[PDB]
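First listed ligand is number 1; within each ligand, the first listed atom is number 1. Naming convention: chains lettered A, B, ... in sequence-line order (proteins, then strands); numbering from 1 in each chain. Values below: every heavy atom of this structure, side chains too, minus hydrogens, waters and symmetry copies.
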Amino acid sequence: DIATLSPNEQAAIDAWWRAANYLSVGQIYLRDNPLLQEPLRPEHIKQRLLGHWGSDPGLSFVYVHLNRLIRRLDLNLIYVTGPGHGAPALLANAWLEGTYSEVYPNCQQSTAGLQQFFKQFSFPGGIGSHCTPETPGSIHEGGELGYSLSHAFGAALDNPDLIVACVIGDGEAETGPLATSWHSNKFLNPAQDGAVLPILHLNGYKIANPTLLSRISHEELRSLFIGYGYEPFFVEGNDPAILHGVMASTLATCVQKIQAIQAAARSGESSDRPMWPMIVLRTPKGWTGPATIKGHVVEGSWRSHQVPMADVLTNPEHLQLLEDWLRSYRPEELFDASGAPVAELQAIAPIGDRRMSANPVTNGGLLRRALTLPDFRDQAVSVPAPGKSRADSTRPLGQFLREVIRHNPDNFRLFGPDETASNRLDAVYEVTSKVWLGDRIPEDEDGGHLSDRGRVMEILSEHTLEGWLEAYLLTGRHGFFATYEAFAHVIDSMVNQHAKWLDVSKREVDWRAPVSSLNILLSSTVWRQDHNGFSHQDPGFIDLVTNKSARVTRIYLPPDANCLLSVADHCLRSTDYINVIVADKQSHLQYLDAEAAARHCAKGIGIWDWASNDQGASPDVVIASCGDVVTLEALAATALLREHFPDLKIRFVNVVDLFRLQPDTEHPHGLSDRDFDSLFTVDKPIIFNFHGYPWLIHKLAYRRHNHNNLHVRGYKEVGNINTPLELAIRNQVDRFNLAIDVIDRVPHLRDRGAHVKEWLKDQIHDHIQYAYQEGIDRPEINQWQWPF
Amino acid sequence: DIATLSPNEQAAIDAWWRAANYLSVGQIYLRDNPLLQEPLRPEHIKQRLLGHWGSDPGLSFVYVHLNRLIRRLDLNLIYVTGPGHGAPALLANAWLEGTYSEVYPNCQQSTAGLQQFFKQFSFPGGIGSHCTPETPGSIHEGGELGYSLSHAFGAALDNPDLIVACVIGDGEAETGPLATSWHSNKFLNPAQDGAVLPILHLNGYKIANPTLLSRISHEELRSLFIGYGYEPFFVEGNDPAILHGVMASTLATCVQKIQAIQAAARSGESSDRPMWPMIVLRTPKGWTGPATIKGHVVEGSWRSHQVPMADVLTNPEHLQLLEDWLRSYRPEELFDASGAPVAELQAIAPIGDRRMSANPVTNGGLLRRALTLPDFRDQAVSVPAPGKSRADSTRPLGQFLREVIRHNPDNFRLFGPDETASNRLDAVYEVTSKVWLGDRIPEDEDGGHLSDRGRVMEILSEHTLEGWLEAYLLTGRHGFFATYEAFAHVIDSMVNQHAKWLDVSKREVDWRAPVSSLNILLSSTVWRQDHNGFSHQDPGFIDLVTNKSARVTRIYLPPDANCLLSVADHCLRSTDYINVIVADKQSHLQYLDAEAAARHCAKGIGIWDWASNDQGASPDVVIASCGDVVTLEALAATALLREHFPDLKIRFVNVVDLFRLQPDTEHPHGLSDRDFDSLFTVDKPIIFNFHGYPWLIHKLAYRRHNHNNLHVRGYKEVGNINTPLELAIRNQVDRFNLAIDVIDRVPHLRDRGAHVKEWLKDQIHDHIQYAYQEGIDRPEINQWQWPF
Amino acid sequence: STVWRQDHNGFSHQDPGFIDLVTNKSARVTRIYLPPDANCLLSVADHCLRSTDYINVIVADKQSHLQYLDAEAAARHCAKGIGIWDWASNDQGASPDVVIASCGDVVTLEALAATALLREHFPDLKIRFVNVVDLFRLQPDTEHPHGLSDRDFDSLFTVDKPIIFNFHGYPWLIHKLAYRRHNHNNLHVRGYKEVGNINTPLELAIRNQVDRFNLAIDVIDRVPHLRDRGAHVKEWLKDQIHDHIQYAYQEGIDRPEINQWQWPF
Ligand SMILES: Nc1ncnc2c1ncn2[C@@H]1O[C@H](COP(=O)(O)OP(=O)(O)NP(=O)(O)O)[C@@H](O)[C@H]1O
Ligand SMILES: Nc1ncnc2c1ncn2[C@@H]1O[C@H](COP(=O)(O)OP(=O)(O)NP(=O)(O)O)[C@@H](O)[C@H]1O
Ligand SMILES: Nc1ncnc2c1ncn2[C@@H]1O[C@H](COP(=O)(O)OP(=O)(O)NP(=O)(O)O)[C@@H](O)[C@H]1O
Ligand SMILES: Cc1ncc(C[n+]2csc(CCOP(=O)(O)OP(=O)(O)O)c2C)c(N)n1
Ligand SMILES: Cc1ncc(C[n+]2csc(CCOP(=O)(O)OP(=O)(O)O)c2C)c(N)n1
Ligand SMILES: [Mg+2]
Ligand SMILES: [Mg+2]
């Protein structure tokens with residue numbers, strides 16, 4: 001009897017459906033007189049109309065039907081909204097369920113509450129027109145389109161009984177990120193994870209053009225969505241009397257198959273990739289609004305996308321049409337005198353946490369358990385002498401991540417775009433593998449590292465991975481993203497969205513608990529260009545992240561493996577941040593042991609006393625580095641200067657936290673003027689060697705008292721192919737150019753260092769000539785060790 | 001069957017009782033090995049013991065019995081703890097009920113959760129030893145004793161079905177604030193408010209002395225507590241087998257009488273002051289711990305107050321006694337292997353919001369509805385000419401408060417220590433009256449303004465009034481406190497406690513929602529000394545409040561009635577602050593109309609253009625005032641200077657927000673250096689006339705670029721009796737001394753203003769001589785108006 | 001019982017604010033004494049049991065503490081109310097580079113420990129140690145006869161060297177008392193700001209920046225010929241702050257060498 005729809009139940013569901021639309025339209029238009037007790041007047045209409053209408057009925061259409069199956073089958077559901085402009089529909093149902101009144105006591109279920117509820121939407125000092133963090137039961141802001149689908153899969157991970165109902169607009173489906181995220185079914189495990197129920201809201205139109213997926217034939221539509229690995233179900237029409245029963249049956253069909261798929265997998269009898277059920281919903285745009293405006297068809301057309309009538313404040317004719325639109329919902333039979341929904345509506349409202357707007361998963365910070373972090377000092381490489389030993393920088397991190405996975409079998413995950421092996425993090429493969437539910441071959445047994453139980457997820461689409469991870473954190477869990485720095489620009493749009501979400505959730509919204517940080521590891525830099533990656537890779541992603549703020553993003557550039565461990569250990573505890581860690585996978589020198597590394601990362605920036613020779617004296621120059629390749633060149637330059645200028649006093653400063661350079665006025669995390677003057681003196685030149693665009697340092701540290709003595713060398717440009725030393729020579733960040741820069745800046749070396757400066761230019765000439773002759777650097781360059 | 005206790009139920013209750021004690025002792029002592037699976041070793045004991053034990057069993061003893069009646073009679077209860085050092089008992093029951101795990105997912109109900117639960121208590125980076133805001137279901141921090149009782153009555157207000165079980169230690173009862181707060185029964189309305197169930201924990205001892213209330217005879221104890229208006233019930237003994245049944249019966253007896261009292265009152269058949277039930281509980285201190293230590297009796301003695309054995313880390317003998325103490329609870333039969341309580345314990349655990357640790361009343365900010373504030377401009381007095389008309393300053397505020405009460409019949413209240421009539425706020429009496437359930441006489445009909453339905457509360461004890469209001473706010477409601485400035489020092493201790501509570505709730509605790517502000521109106525100043533109040537009243541309370549922070553307290557000194565309205569309207573919307581408004585009740589000049597007043601209070605500080613004559617030019621001096629009496633003298637001095645020095649250019653600045661003077665580095669609310677330099681120039685003398693101790697201005701504004709030109713005149717001292725002008729002359733804040741101060745500071749007036757300065761001193765001589773001759777000031781002083 | 005050595009009893013956010021309230025009355029009716037050790041406490045109590053028309057407020061701590069002055073030296077110190085400690089100083093016959101002043105007993109210990117740290121790492125640095133018992137001596141003699149003269153104040157605290165004042169109370173109270181002095185622009189007061197819920201004695205001093213390590217850092221910042229030369233020591237001092245906080249969060253108490261610190265030299 002679950003598939004069939006009772007006429008009595010059909011009426012109450014239809015009653016809820018119209019009331020949700022009525023509240024949605026009231027939010028768009030009304031600022032006063034919520035229930036039409038008195039004739040509508042221009043003083044009740046909002047001056048500026050920013051809400052969108054063409055998607056609201058469809059979202060409410062599915063939402064009321066989703067609540068039906070929760071009441072019947074006791075399903076645990078989440079609502080993820082593709083078109084973020086359909087916010088009124090979600091809020092209206094949130095208010096109808098009673099969630100919004102509990103979260104916001106001002107907007108009660110009354111006439112006075114409705115006046116506040118209607119006036120707040122898309123209003124200065126109110127709430128936005130998208131699924132902002134202020135929305136109860138919202139994890140995804142659909143303002144930027146293409147990421148709703150991935151967030152459904154991310155939230156589904158390690159939530160076996162959860163079902164995430166993600167509604168997808170046809171226009172959104174034309175975007176690149178969402179077209180590739182359909183293949184996320186291959187990495188979702190039916191045994192341990194929940195289900196995603198994709199609903200294609202094929203209203204037929206974008207803002208102003210028809211959606212191609214609508215204008216592509218039905219046969220090719222089913223062909224496209226079986227090739228994605230889904231079992232597609234089609235509900236088409238325009239008359240709700242037929243569509244109420246038809247749609248209810250389809251949703252009943254889908255849930256049984258989802259449970260049948262999960263029952264088959266968890267029993268172990270069918271350990272294969274299943275054909276997940278997906279719904280294709282073709283309904284008119286602006287479904288229950290005006291039919292035509294000014295002789296142009298509006299309903300079921302792109303003209304209904306935002307607002308069918310935007311001149312209602314001007315001419316009374318549309319004003320009467322607006323009031324006629326509102327009364328078509330028959331609000332008199334939907335709300336009582338007080339302003340609450342009628343008891344028929346309250347009957348079909350789910351109860352407590354079973355409500356999709358009050359599910360604690362959406363406010364994931366309440367479901368967040370801190371990771372049991374093993375002591376990273378067990379994985380710290382031994383550094384008996386600083387800078388005299390070489391070890392692979394990322395491998396200790398891989399071993400540390402291995403022990404985190406061991407102690408957090410479900411709460412932690414790894415995400416990587418087919419680069420985990422290249423990034424040299426294979427230590428995690430010793431305890432787990434990579435997720436794969438596609439076809440398997442015996443050749444995968446040797447080094448495939450493929451298993452459905454794996455805690456590491458791999459796909460070449462960087463958009464898919466970022467959406468997977470962001471949803472995983474917002475549901476109250478932990479993760480770590482590792483990728484090349486060359487392709488970081490691909491996810492720049494997605495990072496902005498998540499940073500937006502975190503910043504609002506901290507300051508504006510008070511009831512949203514903190515979630516875990518977004519930890520990103522840019523594992524291959526632009527200085528050590530390996531085989532893969534384009535020639536002109538740029539560090540520009542770092543500039544984009546620092547663009548957001550110091551109070552939501554953190555940038556770490558640890559010099560060695562022990563600093564990488566301390567940084568990763570520190571950032572696996574921080575909550576409301578986007579942590580971007582820039583480290584290189586090549587074999588590098590090691591500088592700090594576990595104790596010294598931990599103190600260094602706690603400060604974020606500090607003097608290296610072994611690399612300095614200014615103890616108990618005023619340094620003639622401060623050499624600072626931020627990175628690992630540039631740190632090596634800065635250290636090598638320091639060694640050269642001390643050989644040729646024994647009396648020269650050099651203070652070596654290494655900075656790991658980029659944002660420490662900002663003054664404490666901008667953010668509390670930054671250094672004070674006294675602290676900054678202690679590290680970098682008030683009047684001596686600073687030769688800063690930065691892994692990135694040099695101006696980023698100037699943007700951060702322009703307010704310092706010694707900024708006029710700050711001289712930053714960083715990434716400028718590249719040739720087609722360069723050796724590691726030649727590439728550093730092109731950007732003037734190599735050891736020889738840095739030594740020349742120190743000679744130019746130190747006042748008592750311009751006259752005295754001329755002969756050394758000529759010798760340094762000779763070395764630049766010799767190494768370039770050798771590079772063009774052999775294709776690599778000289779052995780003494782590759783095996784350079786810290787002297788002294 | 002509710003009164004009698006079943007043996008099966010007695011066992012489960014006793015099982016819960018011991019488990020709560022066991023967790024309490026574990027928190028005090030253990031940092032590792034929560035369940036005694038392995039022999040106790042010194043590495044499991046906490047290094048420093050800061051918890052208190054002598055009160056923990058008593059609190060848990062009542063708590064388990066309170067949960068009994070919640071499960072039986074479905075009562076809505078709150079736990080308010082007198083002795084705040086009994087925090088472990090509350091936390092243990094909070095953990096047992098499951099509340100703590102939901103709020104804190106790290107401290108789960110397992111062995112691993114218990115390890116975190118035990119290690120956190122009284123630990124660096126953990127939680128405190130008192131009922132801090134981090135405690136679930138806590139409104140009152142009992143660290144400072146004497147205010148638990150008043151907070152019970154405050155939370156009870158306008159919560160008719162709530163019952164607040166407040167446990168009171170006998171030592172606490174010796175304090176002044178709690179002895180007088182027993183009479184709060186007379187102001188609690190059984191018809192509209194809930195009940196308070198006072199439980200006297202008469203353990204017989206303080207920290208080191210016997211409690212007098214224990215050593216006073218039982219007959220005189222019952223005599224004392226019937227004189228307070230309570231029906232006292234006595235439960236005495238030391239054997240829990242008898243005391244379990246006896247005390248269950250007594251609690252059953254009390255609830256029925258409380259419901260009978262409420263049933264009689266709400267039916268209207270008995271509208272008299274009832275004899276509320278109160279429990280006197282005499283149990284040994286350190287009830288279930290060691291009997292004797294080193295030959296000294298510990299249990300049932302002051303030696304058990306904090307820690308019965310504090311050398312357990314030193315000698316193994318006490319270490320074995322400690323482990324013997326833990327095993328007396330028989331933990332093997334109380335927790336399973338995993339670390340959760342046994343299913344017998346879970347049976348008697350209340351469910352959901354019926355749990356006293358998860359009652360949403362305690363986290364009152366979730367229950368907070370913003371006040372429907374009428375437009376204050378309806379009550380604004382007309383000021384056609386600034387400073388040329390006189391009106392009573394506080395009466396418009398009384399009318400505004402009247403309209404707030406009208407639109408907020410239950411959410412708002414007034415609190416005053418027998419000064420509302422004196423403060424001239426009688427406009428509120430037009431709609432409501434004052435609470436009184438004592439004897440009534442026909443003489444009260446004329447101007448008594450007494451009724452049980454009143455929204456204004458009056459009692460001469462300032463301590464109990466402050467406790468009433470703080471609890472009212474922390475339960476999610478609104479209020480306004482009006483009192484003299486002379487007696488503000490009385491509540492200084494209480495204000496510190498509430499400010500402490502707010503500051504932690506904002507920064508540390510994340511799940512506690514904001515509550516309404518604490519609004520205090522110091523309605524009678526020290527300059528206009530009326531009949532009542534001692535001669536040497538000081539403004540020192542203002543200095544005490546500014547000690548706390550600019551981020552939790554705000555000080556407002558509005559000059560006129562319209563500024564008082566804007567300030568009160570602004571502060572009735574702010575949430576997490578202690579707002580202290582200093583205004584005077586006397587007839588004063590009016591300076592700003594509704595529009596100009598609102599702009600002024602929005603800035604908090606700004607130039608008065610009508611009182612200035614420096615438009616389009618650099619002012620020779622800046623005259624600033626903060627208050628209303630000192631504003632009049634500053635204005636009168638400005639008038640004198642302009643009459644005698646027509647070329648002199650004076651900028652008049654009035655400051656309402658005191659904390660705007662602090663630089664923006666300390667707090668965002670403060671002015672920037674550019675903004676401050678705009679109001680007070682970078683190089684001209686500032687003659688600041690402050691209502692308070694002059695050093696407070698220097699503390700706030702010492703970092704400003706022009707602080708070396710800041711010259712503050714304020715309250716120094718008083719004589720026995722002075723006229724308003726003579727008192728200002730003694731403190732050198734009158735118009736004549738201010739004009740002299742301007743002459744001294746302006747560089748081009750030292751030579752040129754000598755003759756005027758002599759004339760000004762003549763006026764000081766003349767007015768003092770007239771004051772000693774007549775006892776009042778001259779008519780031209782009392783009726784001074786702004787010229788020009 | 002002071003607020004720095006938080007005992008079992010008492011609320012977490014106890015404040016020294018009562019001292020500020022008393023100083024609001026006058027120097028001619030109230031006296032505030034903060035004796036550093038037991039002998040100084042005896043002389044103060046003996047002196048105040050003879051005075052007639054005053055409110056004497058004596059701030060002392062009950063915990064086990066170091067002892068600094070014997071009966072003869074203690075009595076001379078209380079008679080002055082404020083004086084140089086010659087054993088804790090190393091500037092005899094020379095101009096001190098910095099004046100370290102303390103007012104209290106816990107803050108005196110941290111001020112002494114900071115002095116010991118500075119002398120170990122900067123042997124050439126000359127430090128004058130001043131201890132304050134009578135708070136109101138800091139007020140100039142113009143306000144009250146009991147206060148020090150300008151010449152007397154300049155002798156203790158020089159006219160041009162930085163003063164690192166470690167006060168048991170709100171730091172602004174020192175500025176209210178001694179704003180008129182010729183060297184007030186070089187007076188840098190560290191006192192009670194705020195507390196956490198529960199702290200170890202060293203951690204609580206670290207939160208308020210009155211511990212030995214923060215004071216040593218403050219001296220490095222203020223002394224003109226140490227900004228360049230003391231950078232490496234300042235980094236080491238911050239490492240000690242990091243290490244002791246980490247140990248505090250790990251064990252719940254301070255390290256044994258902190259609890260059993262003695263005056264070297
Ligand atoms: N004051 C500044 N504000 C912003 N960006 C700056 C500033 N000075 C330099 N830069 C940037 O820093 C990079 C190179 O300049 P800089 O780091 O100052 O090295 P430099 O050797 O000192 N060059 P110059 O300052 O012209 O002598 C470029 O990206 C510049 O745009
Ligand atoms: N720098 C300061 N710090 C603290 N309090 C101060 C300071 N300067 C002045 N005061 C206080 O302010 C009051 C009077 O000083 P002030 O406000 O500067 O006016 P004034 O006429 O300039 N007196 P003066 O500074 O001595 O010439 C007294 O109560 C002083 O204690
Ligand atoms: N002139 C002053 N008048 C009143 N209080 C002051 C003054 N100067 C500093 N303070 C207070 O002293 C405390 C710390 O400042 P201070 O004692 O001068 O040490 P400091 O390290 O020099 N701080 P700063 O002066 O801002 O560089 C704060 O609580 C200030 O409010
Ligand atoms: C890549 C991209 N191009 C354009 C837009 C502008 N935009 C915002 S909402 C929206 C409508 C999405 O179309 P559809 O999925 O059909 O949504 P619905 O019909 O449900 O409104 C568009 C085009 C966008 N957000 N992203
Ligand atoms: C006015 C005051 N004096 C002293 C103290 C110190 N103090 C803190 S807790 C406490 C014990 C309270 O005694 P009692 O009510 O007998 O408590 P219980 O035996 O339940 O611990 C004391 C004296 C205080 N908080 N307030
Ligand atoms: Mg569309
Ligand atoms: Mg007691």
Nearest-neighbour protein heavy atom for atom 7 (C) of ligand 2, which is reported as residue plus atom name and distance: C:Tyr179 CD1, 3.4 Å
Where ligand 3 meets C:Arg190 - atom numbers and elements under 4.0 angstrom, heavy-atom basis: 19 (O), 20 (P), 21 (O)
Just checking B:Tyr702 against C:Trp172, ring centres under 6.0 Å apart? no
Starting from atom 13 (C) of ligand 2, what is the nearest protein heavy atom, named by residue and atom, and what distance separates them? B:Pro694 CB, 3.9 Å
Using a plain distance cutoff, I'd like to know if A:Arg674 has any nitrogen or oxygen under 3.5 Å from a nitrogen or oxygen of ligand 3. no
Do any N/O/S atoms of A:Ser214 come under 2.8 Å of the Mg ion (ligand 6)? no
Atoms of ligand 3 under 4.0 Å from any heavy atom of B:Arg703, numbered from 1 in the order shown, are 26 (O)
Taking N, O or S atoms only and a limit of 2.8 Å, check whether A:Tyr205 reaches the Mg ion (ligand 6). yes
Using a 4.0 Å cut-off to any heavy atom of C:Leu187, which atoms of ligand 3 qualify? 18 (O)
For ligand 3, which is the ligand I care about here, please tell me if C:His184 has any N or O atom under 3.5 Å from one of the ligand's N or O atoms. no
Would you say the side chain of A:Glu299 lies within less than 4.5 Å of the side chain of A:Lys285, judging by non-hydrogen atoms? no
Would you confirm whether any non-hydrogen atom of the protein falls under 4.0 Å from atom 1 (N) of ligand 3? yes
Check if C:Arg222 has a non-hydrogen atom at a distance under 4.0 Å from any atom of ligand 3. yes
Heavy atom of the protein closest to atom 15 (O) of ligand 2 (residue, atom name, distance): B:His698 NE2, 3.9 Å
Salt bridge check: are C:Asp221 and C:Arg227 linked by an N-O gap of less than 4.0 Å? no
Using a strict cut-off of less than 4.0 Å between a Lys/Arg side-chain nitrogen and an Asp/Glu carboxylate oxygen, indicate whether C:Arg31 and C:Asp134 qualify as a salt bridge. no
Can you find a pair of side-chain heavy atoms, one from A:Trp302 and one from A:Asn209, that are under 4.5 Å apart? no
Is it true that a side-chain atom of C:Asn183 and a backbone atom of C:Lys161 form a donor plus acceptor pair closer than 3.5 Å? yes
At a 4.0 Å threshold, what atoms of ligand 2 neighbour a non-hydrogen atom of B:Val712? 14 (C), 16 (P), 17 (O), 19 (O)
The protein heavy atom nearest to atom 22 (O) of ligand 3 is C:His188 ND1, 3.0 Å
Please determine whether salt bridge (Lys or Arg N to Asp or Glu O under 4.0 Å) holds for the pair B:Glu717 and C:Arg28, giving the CA-CA distance in whole Å, both sets of side-chain angles, and the decisive distance to 0.1 Å. CA-CA 13 Å; B:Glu717 263 167 16; C:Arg28 76 179 183 275; 2.8 Å; yes
Presence of salt bridge, C:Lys234 and A:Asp675, under 4.0 angstrom: yes
Aromatic contact between C:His175 and B:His698, with the criterion being ring centroids under 6.0 Å apart: yes or no? no
Among C:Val99, C:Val107, C:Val132, which residue satisfies the side chain to side chain contact (heavy atoms under 4.5 Å, CB included) criterion with C:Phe165? C:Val132
Counting both backbone and side chain atoms, is some N or O of C:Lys176 under 3.5 Å from an N or O of ligand 2? no
Here the vertex angle at the Mg ion (ligand 6) for OD1 of A:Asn203 and OD1 of A:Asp170, given to 10°, is 80°
For the pair C:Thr23 (side chain) and C:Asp20 (backbone), establish whether a donor and an acceptor sit closer than 3.5 Å, ignoring hydrogens and angles. yes
What is the nearest protein non-hydrogen atom to atom 29 (O) of ligand 2, stated with its residue, atom name and distance? B:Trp695 CD1, 2.9 Å
